[PDB]
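There is one chain below, alone, in structure tokens, taken in the form deposited in one PDB entry.
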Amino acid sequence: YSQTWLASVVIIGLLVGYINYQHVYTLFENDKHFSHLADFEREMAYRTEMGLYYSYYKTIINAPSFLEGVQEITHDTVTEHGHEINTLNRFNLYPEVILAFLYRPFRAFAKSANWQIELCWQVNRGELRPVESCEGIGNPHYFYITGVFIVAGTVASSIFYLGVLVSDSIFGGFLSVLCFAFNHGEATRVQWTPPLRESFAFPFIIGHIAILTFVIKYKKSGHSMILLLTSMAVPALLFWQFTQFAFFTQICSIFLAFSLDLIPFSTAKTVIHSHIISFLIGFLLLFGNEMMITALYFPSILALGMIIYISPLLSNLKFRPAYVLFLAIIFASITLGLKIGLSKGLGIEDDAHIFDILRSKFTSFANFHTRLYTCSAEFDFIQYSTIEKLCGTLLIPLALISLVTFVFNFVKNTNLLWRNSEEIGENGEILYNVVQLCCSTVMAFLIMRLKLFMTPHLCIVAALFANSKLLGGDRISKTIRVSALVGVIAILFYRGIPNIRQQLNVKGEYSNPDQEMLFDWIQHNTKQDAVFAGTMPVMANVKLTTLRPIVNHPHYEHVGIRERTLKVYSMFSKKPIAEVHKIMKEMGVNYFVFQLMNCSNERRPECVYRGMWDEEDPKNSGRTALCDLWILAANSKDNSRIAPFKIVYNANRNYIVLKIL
């Protein structure tokens, strides 16, 4: 039984991971229909920044050699015309590099070996010209998607293992994966958006959380644990830059456990050494990125290391509130001082956009960039619909019950005022995970989209309802505990089956022909070295297919491109034609492609381009909006009023392409 339990736990973890991979892959097939799409229609399926991330994978695989392709990526001069930029540490294209590296030798071996991994046949689209859709592993899109979905199918395994650790019985793991299965829609969105960066990084983040909980629970330490923690901290950092701010709310959770005497000395030293080494490697591999420093993840590492190493000097402290307050003051002061001693100090000037969109939520401070990000419906507060949906499946009531039980037990089994430094308080992993859930819940409530962190911790905490130590003990008896742990599971299936039904009975639309016709015109009637500017969503699609140099892309936060977006969107302002034409010529563009509904004013006011260009351009207020000129020029089919601009392309009054003289 000591081994039949472990084998069963491992096997069930692998099985739940495989089931999750199959579920995501099926949902993706239902949503997009890659089965019967030509290799140029899947690219059009990849929307705004998913196209930017897949185009570099396509660049590397198509290049004559891996080294020359990666060299072209690191010395890229077409993503932002006018500069040579490094797109590897700027966009975090490490998944693309790894996948392309694995694909090139694999395809080369398959081709020579006579293996037919790609089989496809002509598919007739009807009115439009028939195309050829290919399937199989040898297809680039399926290699990319299989990699993404294989990595994202282990989130279920990590959640099952975390449920088993934080409750110490298989029924807890079942509760956690069943809470994940029934709230799959509200916990992840990889099935629609494979190429996004969080799809590659979150599996490693939650795997790191699992390994950290295992290390804390069993008082582990040594070099093996350092290797284990580093192997998950490095890839999560190379992928998704915002990984860093996750690993900062993890440190704030370890501190609050260490300060309560729930983590030994040697274990804490192992943890912090692993963080230091992983940061050093991640900073080295990202070409010495200066945004790595001046974040909250480096100062946090240093502050926690200092608090850990000045811990033995405070053994004689007996009054717990004073000890906790002193450590908290030291931690906060060191973090704030180091962050401001490099941002405002050595002259690194970390971007202040994350603080700029938080100060707009509560304040009236608008700015063009905040309205560009806040009105996205994805950086707004969490909608009440999400809360009602999560309460409908009984994931929030169950997590809330478990949280109350843990708090009551912790208060009734601890000495709150007086501390002994020679004894470890026990149940440190549970407190780590509860504090983690409370930092994930505040982030998810402020900026929607960050519920990918919130929901899996709700599941992990709900798994805490099967802890025999809490919510009873040896008095409950085995028969009664098991009888109430299948009743809960039966009531989770009752309210969770319909969720899976409504999630499997949804199918997506069959694209739109307007974009394909526009790209056909771009390919036929435009020279290969033309430079395009336009609204950010369309630029990444123009670059992915049509291979044209561009001047602005959807991943615009980094310096030197946060200023091109205002110039580009000045076309929708009330500036004179001469001003906009001079701006566009100076940037060196030839064509400007946009959509007629971009100039369509009501929706919610102060979330349309016309309203935005009245809050930061009061001097130009009262002038005829440039958009009216565009619409009249499109309608009348004459370049009369717009002096130096030509309406080079106008089909079915959706996409308009202006030519810069």
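Don't overthink the numbering: it's just position in the shown sequence, from 1.
Although not depicted, the form deposited with a partner chain bound is the subject of the following passage.
Asks: Though its partner chain is not shown, can you say which of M536, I85, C439, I561 has a heavy atom within 4.5 Å of it in the bound PDB entry?
Replies: Answer to the contact question: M536.
Asks: Would you mind picking the one in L372, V542, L260, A210 that has a heavy atom within 4.5 Å of its partner chain in the bound PDB entry?
Replies: Going through each option in turn, the one that passes is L372.
Asks: If contact means a heavy atom within 4.5 Å, which one of 466-474, 193-201, 142-150, 262-270 is the stretch that engages its partner chain in the bound PDB entry?
Replies: That would be 193-201.
Asks: Contact between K582 and its partner chain in the bound PDB entry at 4.5 Å, heavy atoms?
Replies: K582 lies outside the contact set for its partner chain.
Asks: How about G185: is it within 4.5 Å of its partner chain in the bound PDB entry, going by heavy atoms?
Replies: Yes, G185 is a contact residue.
Asks: Using a 4.5 Å heavy atom cut-off, state whether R189 contacts its partner chain in the bound PDB entry.
Replies: Yes, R189 sits close enough to its partner chain in the bound PDB entry that at least one of its heavy atoms falls within 4.5 Å.
Asks: Classify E41 as contacting or not contacting its partner chain in the bound PDB entry by the rule of any non-hydrogen atom within 4.5 angstroms, answering yes or no.
Replies: Heavy-atom contact with its partner chain at 4.5 Å: absent for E41.
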